[PDB]
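Rule-based calculations on the coordinates, nothing more; no lab input. Here Cβ is always computed from backbone atoms with ideal geometry, including for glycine, and neighbour counts include all displayed protein chains.
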Amino acid sequence: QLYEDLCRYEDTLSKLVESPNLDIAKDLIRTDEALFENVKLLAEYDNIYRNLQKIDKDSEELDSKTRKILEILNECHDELXXXXXXXXXXXXXXXX
Amino acid sequence: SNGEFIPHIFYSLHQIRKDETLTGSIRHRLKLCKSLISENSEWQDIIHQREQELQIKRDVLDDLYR
Amino acid sequence: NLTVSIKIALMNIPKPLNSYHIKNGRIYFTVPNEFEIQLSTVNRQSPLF
């Protein structure tokens with residue numbers, strides 16, 4: 001709707017230079033008001049989009065933290081079980 | 001988009017409506033407005049989704065503490 | 001599978017690939033076609049950074 005507004009002005013002026021009435025000017029005025037309102041709304045929408053981006057970044061950060069925790073877990077599992085108990089049993093059988 | 005370039009056109013348009021170079025300049029600015037707007041309820045829905053992720057994770061940690 | 005499931009879980013998986021079956025050590029995902037079979041593949045990797 002914002003583009004037809006910009007085209008109507010050019011068409012009406014192009015018709016005024018060649019000649020072409022008073023009504024089309026009022027049409028231009030209402031067109032003006034509509035265009036202004038649309039622009040403002042658009043700007044607000046842009047700001048809201050920015051907020052959305054921020055939230056996305058936060059989510060990504062939390063995901064990274066979770067990944068690191070998982071990795072530390074896998075290390076702790078690779079550090080430690082029944083084979084040592086069996087070697088302790090055979091060691092007790094060797095000490096006595 | 002930018003809303004400062006529109007009253008500048010409306011001033012001259014008012015003058016022309018009250019009465020080639022004047023309308024030529026008006027169109028010269030209107031083209032820049034066309035390229036500007038062309039380059040540049042919905043978001044609400046989106047807002048909720050993003051927060052949905054945050055809420056689930058908070059609930060997990062709360063599962064650890066409680 | 002716990003390492004791959006979080007990176008796959010974060011990325012934007014396309015719509016025809018939302019359905020998958022995590023198999024023992026792999027991710028086996030399907031999509032029907034023909035040729036007496038179904039277009040299913042097994043995926044497994046290691047990097048994530």
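Converting phi to 3J(HN,Hα) with the Karplus coefficients 6.51, -1.76 and 1.60 and the offset θ = phi - 60°, region B:23-28 yields 4, x, 5, 4, 5, 4 Hz in sequence order, with x at every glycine or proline. Between the alpha-carbon centres of chain C and region A:1-53 there is a gap of 50 Å. Residues C:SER5, B:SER1, C:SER46, B:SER12, ranked from the fewest to the most other C-beta atoms within 10 Å, line up as C:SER46, C:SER5, B:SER12, B:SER1.
What ranking do C:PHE35, B:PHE5 get, fewest neighbouring Cβ atoms within 10 angstrom at the top?
The most exposed by this proxy come first: C:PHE35, B:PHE5.
Ordering A:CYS7, A:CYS76 by the number of other Cβ atoms within 10 Å of each residue's own Cβ, fewest first, gives A:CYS76, A:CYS7. The B:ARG50 and A:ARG30 beta-carbon pair, evaluated with R₀ = 30 Å, returns a calculated FRET efficiency of approximately 0.20.
Over the alpha-carbon set of the protein assembly as shown, divide Rg by the Kirkwood Rh and report the Rg/Rh ratio to two decimals.
Details: Rg = 32.6 Å, Rh = 24.5 Å.
In the protein assembly as shown, Rg relative to Rh is 1.33.
Our summary of shape: the Cα atoms of chain B have principal axis extents of 77, 21, 16 Å, ordered from largest down, in whole angstrom.
The H on the amide N of C:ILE22, modeled in the peptide plane, is under 5 Å from the matching H of C:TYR28, each at least 5 residues off or on a different chain.
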